[PDB]
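Next come the chains, spelled out residue by residue.
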Amino acid sequence: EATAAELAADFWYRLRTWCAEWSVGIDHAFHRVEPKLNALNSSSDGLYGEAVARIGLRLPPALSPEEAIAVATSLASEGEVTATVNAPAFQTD
Amino acid sequence: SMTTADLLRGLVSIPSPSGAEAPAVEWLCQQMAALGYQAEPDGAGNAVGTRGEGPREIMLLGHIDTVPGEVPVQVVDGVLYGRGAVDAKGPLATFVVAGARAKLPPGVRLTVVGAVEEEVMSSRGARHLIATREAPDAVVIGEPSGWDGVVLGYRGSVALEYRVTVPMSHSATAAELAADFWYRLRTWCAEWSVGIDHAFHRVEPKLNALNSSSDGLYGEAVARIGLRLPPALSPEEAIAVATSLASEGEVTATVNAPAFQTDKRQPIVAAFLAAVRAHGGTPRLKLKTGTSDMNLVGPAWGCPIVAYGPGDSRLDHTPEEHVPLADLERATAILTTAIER
Amino acid sequence: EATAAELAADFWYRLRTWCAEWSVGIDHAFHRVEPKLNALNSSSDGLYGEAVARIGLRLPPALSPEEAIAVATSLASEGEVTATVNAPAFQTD
Amino acid sequence: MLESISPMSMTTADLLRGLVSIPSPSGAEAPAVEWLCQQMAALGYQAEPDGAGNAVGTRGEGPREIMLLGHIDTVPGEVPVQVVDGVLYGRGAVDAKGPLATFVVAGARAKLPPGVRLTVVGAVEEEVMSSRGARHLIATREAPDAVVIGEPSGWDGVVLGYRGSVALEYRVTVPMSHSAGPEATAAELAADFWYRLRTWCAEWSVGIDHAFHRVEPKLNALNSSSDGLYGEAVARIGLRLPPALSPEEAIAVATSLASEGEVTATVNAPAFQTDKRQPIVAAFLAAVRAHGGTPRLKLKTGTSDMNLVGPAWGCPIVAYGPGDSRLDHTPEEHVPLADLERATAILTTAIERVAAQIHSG
Amino acid sequence: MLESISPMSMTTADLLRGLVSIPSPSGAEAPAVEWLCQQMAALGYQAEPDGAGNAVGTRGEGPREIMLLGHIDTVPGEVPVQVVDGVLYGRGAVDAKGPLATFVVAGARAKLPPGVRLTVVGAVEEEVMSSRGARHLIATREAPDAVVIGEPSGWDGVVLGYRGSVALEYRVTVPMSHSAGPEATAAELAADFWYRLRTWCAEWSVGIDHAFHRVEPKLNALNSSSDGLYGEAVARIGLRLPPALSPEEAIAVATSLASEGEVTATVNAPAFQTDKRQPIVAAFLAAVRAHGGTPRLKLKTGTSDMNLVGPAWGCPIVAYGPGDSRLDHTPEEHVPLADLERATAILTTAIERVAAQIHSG
Amino acid sequence: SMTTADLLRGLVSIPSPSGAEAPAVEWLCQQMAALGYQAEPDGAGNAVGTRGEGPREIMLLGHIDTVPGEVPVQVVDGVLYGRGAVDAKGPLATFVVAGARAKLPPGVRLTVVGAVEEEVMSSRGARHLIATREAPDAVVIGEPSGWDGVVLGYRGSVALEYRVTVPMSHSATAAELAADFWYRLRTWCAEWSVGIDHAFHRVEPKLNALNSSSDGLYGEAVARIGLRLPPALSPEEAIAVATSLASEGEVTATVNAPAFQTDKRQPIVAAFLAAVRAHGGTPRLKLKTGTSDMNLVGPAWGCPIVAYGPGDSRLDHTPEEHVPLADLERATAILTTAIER
Amino acid sequence: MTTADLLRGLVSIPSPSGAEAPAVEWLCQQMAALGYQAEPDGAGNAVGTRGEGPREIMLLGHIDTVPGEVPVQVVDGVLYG
Ligand SMILES: [Cl-]
Ligand SMILES: [Cl-]
């Protein structure tokens, strides 16, 4: 974790692992939380290295769009997390 | 006569990132010409000035190029800031001054080289010396050992490039594949190097850049990886491993050099130790994490070789790279005592 | 002290020579090591000259990709050799 | 206008230091020209810029003329002007303000016989441009009776002329295929032409220690491309020719060396040479020896005004000037102070020696 | 091997249709060569590929030989082979399978006198490559006594040779400035060289309706760049020369037209021409008129095998073949069926006429 | 003999976006050669085939290029889909068939042109005709007028490019400046054209692309704008206006052509009206929103000129561009009746 | 369906390395008519399968070619492409 790219990758690895641990024992894919690394980019200007990861989450009703962010946030010990809540899960009774 | 400190800021004030060394080289040669060296740039653009007369040659091989980034050149209470203050204009300036200060026997000529492109993978500055020059009797590499430090070696270097393509339709993203390749490579190296004391003996991969892009119909991703090798793991071996973890993508590899180390009980080592010790220092022999042109000219020439210079190597490539001005004066005098013996 | 195109042509000669020396007497190409200079391009911007050679190395069983690459890397004097492995030779009894 | 000074007073080192101080890359020689014209006027010349802005200063009188043809322009950039350990650093110190300074001083020192003029020229636009200076002289002046070109020959060297130059282009087109055998691709074919031609040049000039009497090739550019059906390749090669190898000869070898490709050729410079036995050469050989030197007859490789006024006027011609030509266009271009004054003494005698030949008639 | 057929039976249109059907861009002529060798064997030739894979078919017997030198390769691409309104469309119909087909048929129809051989060659790699075909013939065969080159001259045209070619490069370097007057920039200078040279060529060849007796220039490339200190420009120009204007003449004009720039020059092709009074020309002029045509003496502009075997063998040589050469390398390359058979009849007589000259000796 | 419909799908099946017309042109010429035209491409790559004999010439000027986008070539119940089905391979195919079908007097030659680059701003296909050909006695432009429509004119065209730079530090973004320029331009045109009935008489700006980028130390933004001009507003006038709204940025302008219109009572119009009317149609005279090569060859040549062809112009450049196959047969016969008269 | 016919259609769709989708599409369309379950995989590989069971026989070829197009035509028994 000496470069910006290494930290973003590490956030992704740890996020992917967390989701999988949570989703264990679950029958169907639509009941699991699935992370998707859409993009991963990095840069440098000689003084600072920067990196940014684009990670999508598909959420079942068992995990809220608020509990998801907080979990993601706590994983960012060095990085920073911003999130776009497109929609929470809906489930007809 | 000019001190190493007045020489250093002048050189540090002239930006010379890899590829753009010409004005720095140009200026350095006239500083060498004014000081009495027969000095011009060579065929590759290296700054070259040579002393003395005869068939026996000591070479002070430093490098004039730096990594990018603007570090404001200033003095703050005897501390000089600037890109290259430590890596490696400090040692290079020390070479220019101590190289002229010392007195030589007849038949013994001294040569100062401010090589180009040491910081990048080409190392073509040093490679031009290997191609166009006779092997000297001894070499001093211009890297920051500390005024009371003697560097006997550096790790090898191999640059790796992973590229993967995925269609922009349906079924792992380019980013995911590239990241997992890094995960595999990072894990292999960590499991290999587990519990090893110092960086010199570990194999350490470096993810310098990972960038995914959308071609249009394809998803693309590239990963720029630097790999630092211990003596036990050759460039050849490390590439074979890297190749075996490619899976869906391809790995492109470029060898810099294997690891290199100077044997601890060499006469050239004793000369520097004495120069350190007799000048009231407590020398610590060091082996460094990064690489050097030592790793090329070493196996090429085979003459007695060490790395010495003012500066703390931990400040290499940092936004506020700096060296105490006091360290410059001592390093110049110590190198001189070392040179004589 | 001479040109980039000359230095690149110097590399090709070395490699071509080495492969040819290795392959003497061998009747079948499959058991030969043969290089192919797919491209050789030089340029000049007024500041620096540059030359790039693109070469395909065909490998017999008796010569591993690792060894060939090691050889190619050692042949380059001042240039920079970059290598990518497809696969080693493969045959069925 | 400055007061008349002694031609003996001002040394060449003194004049060169002032001259090397003023920036004068090609096209921007005006301040340098003005300054030098003033200096020459002070030394007994009648000095004034001509039509093309060339610095021109004349001495003597009569229907015979010795022209000393130098150039005042340089490549751009400033070599930090400094004098250290008897060596003068500066842009144009060797190419070619050193030889020009020597021209000015030696020309004012030289004893002239009656009926002999002496014209010293600091031409413009020779270095980066198409020599507007010399071409203007040809178009506006009568051919002088003798010409000394201001180029570095070394103080103990005399240049009799220049090697011929030939630009070669080898081109080849071959159908694409999967093969990896020899000569499978156009690039391989272009590369091998280089090798076999490079080999021939070495064969031709074996054991010749006189480099200017050798044919030396150069691969300036090699390129290749493909359209998926055919592959093409082009090798651009320069050939520097000794006097005993004419272009059409060398062009015939290259043509014969190519089978699958076609070679085209441009002759950049026909070879040119003043013969060793000629009076002007006798004068300079005598002049060098008269001042304690072992003279070397040589040829220039690079082009100069000698390539123009030579074929134009056809008069006897040599190139002379202090300095090491290998230092031409270099970041630390320099010349030893001793060589300047030594070359000045030699040229002084040589001008007298040539004027003596001319006056005897 | 097919059964022997009548040389009169197979028409040139028939043979050409089959020949134009088979793809044969340079380098890939093998299936075309094999096919044609079979066809020629059926027509009374002894036909077989030579060392370079050239299609070669021979007739007659004796120490004298008339070679009909055509090429079987083409530029790549398929012109949709179709016959509409008495016009045959196809790749190589004009360049140069039409002339090659005419060679095969007329050669088998021609009455030969004793002591005369007749060799018909479908050479390879002429179109896109460096003519491995013809160069192989030169290296392996004796110079024949007469050569007819298979290139389109038109049925009522006869080609005596080709125009000379000169590649010019004008280069100029000027210091940067703020001015906007005339000739302020290198590009303007390069452009104006083009105008003044283009003007001269028009001046030289005023009123000349024989285009191949004119000097016609071409600006193939013009480029410019700058480093902030100097601007540079280069104009690359091709000059196609009439017989009365040698390269060195034209090169002297261009050189004289340039002042601030320098012109270099490559002679791509020396001009070449069989004289109008020569026996082989007399034969073809007679042959055309004998079959109701008004023959035109002309020169080829583009290069061909005539550029090689001509200077090599030095024997009397013409180029003849049906088809409009302006259609060479065109997406709808075509030739009228009438012209094919008309040219076949004419060449039949011409071969007889040349053989008659040769036999008379 | 081949119908226009069998000709159309073959042409539509061969993609020919602007710049890539060669295979389409190549194929079209052999279709013209098979049909009996003396046909080859010209110096600019236009597909050219000419009929008849003599010094009098009618030109059927269509274009073979299309806008990009893959429209699946298929027939769905007598409806042909495909890029160029309407704009403008339909009219071009109609030209090829009706152009051969008609019978001409002696001294009258007919010429069919499938020009390149009509869709883009260069219009160099038509420009090559203006440069290398004598003016014909009449011209029919190959654009979709509808089988019972006669287009007398098109709007002019000027392309505009706005570029603005802003430092990536402190003080409006490049995007904001570019957007406000568009706002100004859009408002000026809307206030000018207020309450005007038809598109032909309005001035309408078109924001085809706006893209902001970060150089590194500068913020950058570019706006690609097409501008469609009525007769009342010349390209010259419209550029002066565009220039006056630039403010902090610069506007780069490229003129295609001014607006053009054929006078309603022309004999060439009557010929087509009759051809429409006599073939049981109710003709509506149209003036179109877009532009055409008519706008170039019109003012250049000055001969009687109209635009005619099958297809609804509203489907131009659409993802499912299509034309009823029934429309093709009528348009061919109508053009023929028109051609004769 | 004949092999020469399928190939005649197959060689009419340009598929240089990296631009294979059109040919891949068309081929998947054709294999279904022959009994395969056809579908481009996650990489774009045209994949046709038929039957089922523990075992599998893979016919592994490639759809991509080198660039440079040979005008497609059949002459004297030979197919060019
Ligand atoms: Cl350890
Ligand atoms: Cl209205």
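The rules behind these values
- Residues numbered from 1 in each chain as written, not as in the entry; some residues may be left out.
- Chains lettered and ligands numbered in written order.
- Part of a larger assembly, values for the part shown.
- Heavy atoms only, no water.
- Contact = heavy atoms within 4.5 Å.
- Buried area = accessible area lost by both parts, 1.4 Å probe.
- Salt bridge = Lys/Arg side-chain N within 4 Å of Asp/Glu carboxyl O.
- Domains from an automatic or database assignment.
- Polar contact = N/O pair within 3.5 Å; in protein donor to acceptor, adjacent residues only side chain to side chain.
- Helix = DSSP H or I, 4+ residues; strand = E, 2+ residues; numbered from the N terminus.
- Nonpolar A, V, L, I, M, F, W, Y, C, P; charged D, E, K, R; others polar.
- Buried < 20%, exposed > 50% of the residue type's maximum accessible area, 1.4 Å probe, protein only.
- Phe/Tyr/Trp six-rings, centres within 6.5 Å; stacked < 30°, edge-to-face > 60°.
- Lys NZ or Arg CZ within 6 Å of the ring centre and 35° of its normal.
- Pairing = 2+ DSSP bridges.
- Axes fitted to C-alpha atoms, helices over the stretch in contact; angles between N-to-C directions.

**Some words on the interface of chain A and chain B**
Bring the parts together and some accessible area is lost; that lost area is often taken as the interface size.
Inference 1: The interface is formed by 19 residues belonging to chain A together with 22 residues belonging to chain B.
Inference 2: Note on chain A versus chain B: buried area summed over both sides is about 1,600 Å², and carbon and sulfur give 52% of it.
Inference 3: In terms of surface lost to chain B, no three residues of chain A exceed A:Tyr13, A:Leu40 and A:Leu47, which account for 32% of the buried area on that side.
Inference 4: Put simply, chain A and chain B have 1 salt bridge between them.

**Topic: the domain arrangement of chain D**
Residues and elements named next belong to chain D.
Inference 1: Taken as a whole, chain D is organised into domain 1 (2-162 + 270-361) and domain 2 (163-269).
Inference 2: Taken together, the contact pairs 10 residues of domain 1 with 9 residues of domain 2.
Inference 3: Both faces combined, the contact of domain 1 with domain 2 buries some 770 Å², and carbon together with sulfur accounts for 63% of it.
Inference 4: The largest contributions to the domain 1 side of the interface with domain 2 come from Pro-270, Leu-299 and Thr-301, which together make up 58% of the buried area.
Inference 5: Seen at the junction of domain 1 and domain 2, the total is 0 salt bridges.
Inference 6: Joining domain 1 to domain 2, the criterion identifies 2 residue pairs in polar contact.
Inference 7: When residues in the side of domain 1 that touches domain 2 are grouped by element, the largest group, 4 residues, is from strand β14 (residues 296-300).
Inference 8: Per-class residue counts for the side of domain 1 that touches domain 2 are 5 nonpolar, 3 polar and 2 charged.

**Section: the side chain of D:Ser130**
Inference 1: Relative to the helices and strands, D:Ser130 is located in the loop between β6 (116-123) and α4 (132-140).
Inference 2: Since its relative accessible area comes to 10%, D:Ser130 is described here as buried.
Inference 3: The contacts of D:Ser130, once residues within four sequence positions are left out, are D:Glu125, D:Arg135, E:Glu260, E:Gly261 and E:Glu262.

**Some remarks on the packing of aromatic side chains**
Inference 1: Counting across every chain of the model gives 12 aromatic pairs over all chains.
Inference 2: Aromatic side chains D:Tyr170 and D:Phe193 sit 4.4 Å apart centroid to centroid with 10 degrees between the ring planes, which places their arrangement in the stacked category. Residue D:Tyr170 is located in strand β9 (residues 164-175), and its partner D:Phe193 is located in helix α5 (residues 186-204); the two are separated by 23 residues in the primary sequence. Each member of the pair, D:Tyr170 as well as D:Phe193, is classed as buried.
Inference 3: Directly above the ring of B:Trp147 sits B:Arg330, whose terminal nitrogen or CZ lies 4.2 Å from the centroid.

**Describing the interface of chain F and chain E**
Inference 1: The partner chain E presents 11 residues to the 9 residues of chain F that form the contact.
Inference 2: When the two sides are added together, the surface that chain F and chain E hide from each other amounts to roughly 730 Å², 54% of it contributed by carbon and sulfur.
Inference 3: Considering only the side of chain F, the residues that lose the most area to chain E are F:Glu26, F:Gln30 and F:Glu40, jointly responsible for 57% of the buried surface there.
Inference 4: Our count for the chain F to chain E interface comes out at 0 salt bridges.
Inference 5: The tally of links from chain F across to chain E stands at 2 residue pairs in polar contact.
Inference 6: Only α2 (22-35) and β1 (38-41) of chain F provide two or more residues apiece to the side of chain F that touches chain E.
Inference 7: Counting residues per element, the side of chain F that touches chain E draws most heavily on α2(F), at 5 residues.
Inference 8: Taken together, the residues of the side of chain F that touches chain E break down into 5 nonpolar, 2 polar and 2 charged.

**Quick look at the sheet that holds strand β12 (residues 250-257) of chain F**
All names here are of chain F.
Inference 1: A sheet is described by the order of its strands in space; here 4 strands give the open sequence β10-β11-β9-β12, paired in antiparallel fashion. Each edge of the open sheet is held by one strand with a lone partner, namely β10 (204-214) and β12. Strand after strand, the sheet turns through a mean of 15 degrees between neighbouring axes, direction not considered.
Inference 2: Summarising the sheet, β10 and strand β11 (residues 218-229) pair through 10 bridges and their orientation is antiparallel. Pairing of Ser-213 across the sheet is with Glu-220, part of β11.

**Side note on the side chain of B:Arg83**
Inference 1: The residue B:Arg83 is located in the loop between β5 (79-81) and α3 (89-101) in this model.
Inference 2: B:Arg83 gets classed as buried once you look at its relative accessible area, which sits at 6%.
Inference 3: A polar atom in the side chain of B:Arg83 sits 3.1 Å from the backbone oxygen of B:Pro68.
Inference 4: In this structure, B:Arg83 is in contact with A:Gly46, A:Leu47, B:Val12, B:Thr66, B:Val67, B:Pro68, B:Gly69, B:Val71, B:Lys89, B:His317, B:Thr318 and B:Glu321, ignoring residues within four places of it in sequence.

**Focus: helix α8 (residues 294-301) of chain F**
Residue and element names in this part refer to chain F.
Inference 1: For α8, the buried fraction is high: 6 of the 8 residues fall into the buried class.
Inference 2: Those residues of α8 that fall on the buried side of the exposure criterion are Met-294, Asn-295, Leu-296, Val-297, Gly-298 and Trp-301.
Inference 3: Downstream of α8 by a residue or two, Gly-302 has a phi angle that is positive, lying close to 85 degrees.

**Side note on the pairing of strand β12 (residues 250-257) of chain B**
Two faces, one strand: in a regular strand the side chains alternate between the faces of the sheet.
Residues and elements named next belong to chain B.
Inference 1: Taking burial as the measure, the 8 residues of β12 include 7 buried ones, the bulk of the element.
Inference 2: Relative to β12, strand β9 (residues 156-167) runs antiparallel, the two sharing 7 bridges. Its bridge partner being in β12, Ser-157 is matched across the sheet by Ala-257.

**Considering the sheet that holds strand β5 (residues 79-81) of chain F**
Residue and element names in this part refer to chain F.
Inference 1: Taken together, 3 strands build an open sheet; the order of strands is β4-β5-β16 and the sheet is antiparallel. Each edge of the sheet is formed by a strand with only one pairing partner; in this case those strands are β4 (74-75) and β16 (322-324).
Inference 2: Relative to β5, β4 is paired through 2 bridges, and the arrangement is antiparallel. Its bridge partner being in β5, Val-75 is matched across the sheet by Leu-80.
Inference 3: Sheet strands in contact with helix α1 (residues 4-12) are β4, β5 and β16, and its direction is about 20 degrees off that of β5.

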